[PDB]
Amino acid sequence: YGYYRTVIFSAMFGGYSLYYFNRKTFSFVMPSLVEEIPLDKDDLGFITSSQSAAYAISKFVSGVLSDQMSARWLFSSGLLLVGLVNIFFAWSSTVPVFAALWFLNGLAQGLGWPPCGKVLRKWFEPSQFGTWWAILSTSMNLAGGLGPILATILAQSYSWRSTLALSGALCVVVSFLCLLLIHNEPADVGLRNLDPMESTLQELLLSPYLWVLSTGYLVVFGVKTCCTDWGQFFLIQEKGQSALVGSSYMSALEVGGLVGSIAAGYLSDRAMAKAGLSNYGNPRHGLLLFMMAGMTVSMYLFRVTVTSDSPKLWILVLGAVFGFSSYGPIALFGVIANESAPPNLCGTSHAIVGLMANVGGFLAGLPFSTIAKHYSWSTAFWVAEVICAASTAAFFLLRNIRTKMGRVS
């Protein structure tokens, strides 16, 4: 029983790592391209926004579409298309073809996660679902970490064209292997399927739990993005610190976030296993509320206590704590959304919470800068903290509402 779990998890890990590395290879190899071919920063923003829009639209459409077909053909086709796009990028010359191919890459990249989530839910009992979710999700962190060094080393002894071609060929080979290996359903090999304890979209959208979860995810994502974007500006312009302090703060925040995501997954899974079965509440709500309280406390302490005569250790500890308390709930919202949804309508819920995330991420962009430039940065951070506190109070107020979606008996 465990051998198939091991092989499927290994294949998914490799596939997702290749996804992330070939998503970020452009920014990885950017300097050599600039040296060989002149570039204009406006066109760089053009390309980046093109991919951002394509990836968002593809994520939504793939989330909607994943439940209609299998979760293996989609994964393999997505990786094959990404590899083909990266290969064909090596012979492009001008900016428009760059933009078109990179838009196609953004469209292709949307097929990655939903099949993996469906397979993970189908193959794992609830006592290990969140833990293995977080463990698999760490692959993108691993790729983002050990991508640039390899890119620079390879570019030292070869041109960027060869690097892109090799990456594309490797992606195609990995796609073939993943198509060969991954098994979507336990009963397909012939063994006994796990007992899944129908629902229709019309009464799927009429469930208040989905709206509550979406609002919470929007708020937490907005707070995270605003803080991670404007922390350096707040610490430099007003607190009078140095750039090294900001870099160390960012690194500590990332490390704390990784640790928080992993620990949240593990502890939530342990609590779910420990708890009983009922149609009211959810065992992960306690951890979610604790981590949101950590958000609020860390943000208030960072806003108030941190001054111009603060040792670097205080800033590092605050950054690590905020990263922990911020990257916990972000993964926990997705885990809850996928788990609690009806078995045949999970991808739609994932797409809905993703587009809420997109809206929340937008809401912390230009308006935040406008508020900061109007009065000050401290006013903007106070507004963000007040919104976070109100959101966590509201979420705690409704911990006992119906948690299962779909038709109700």
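The first residue you see is number 1, and the count goes up from there.
Including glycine, each Cβ sits where the backbone N, Cα and C put it.
If you check Swiss-Prot, you get these features:
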TRANSMEM  79-99  transmembrane segment
TRANSMEM  100-120  transmembrane segment
TRANSMEM  134-154  transmembrane segment
TRANSMEM  162-182  transmembrane segment
TRANSMEM  203-223  transmembrane segment
TRANSMEM  244-264  transmembrane segment
TRANSMEM  286-306  transmembrane segment
TRANSMEM  313-333  transmembrane segment
TRANSMEM  352-372  transmembrane segment
TRANSMEM  378-398  transmembrane segment
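At the 8 Å Cβ threshold, with sequence separation of at least 6, the transmembrane segment (134-154) lacks contact with the transmembrane segment (378-398), having fewer than 3 such pairs. Within the same chain, residues 220, 223, 227, 235, 239, 260, 264, 267-268, 271, 314-315, 318, 321-322, 324-326, 328-329, 332-333, 336, 378, 381-382, 384-385, 388-389, 391-392, 395-396, 399 sit at least 6 positions outside the transmembrane segment (286-306) and bring their C-beta atoms closer than 8 Å to a C-beta of that stretch. In the deposited model, 11 residues go unmodelled between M197 and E198, whose Cα atoms sit 13 Å apart. A Cβ distance under 8 Å defines the sequence-distant neighbours of the transmembrane segment (244-264), meaning residues of its chain 6+ beyond its ends; these are 130, 134-135, 137-138, 141, 228, 231-232, 235-236, 287, 291, 312, 315-317, 319-332. Away from its own ends, the transmembrane segment (352-372) comes close to residues 56, 59-60, 63, 210, 213-215, 217-223, 225-226, 229-230, 233, 333-334, 337, 379-380, 383 of its chain (Cβ-Cβ under 8 Å, at least six residues beyond either end).
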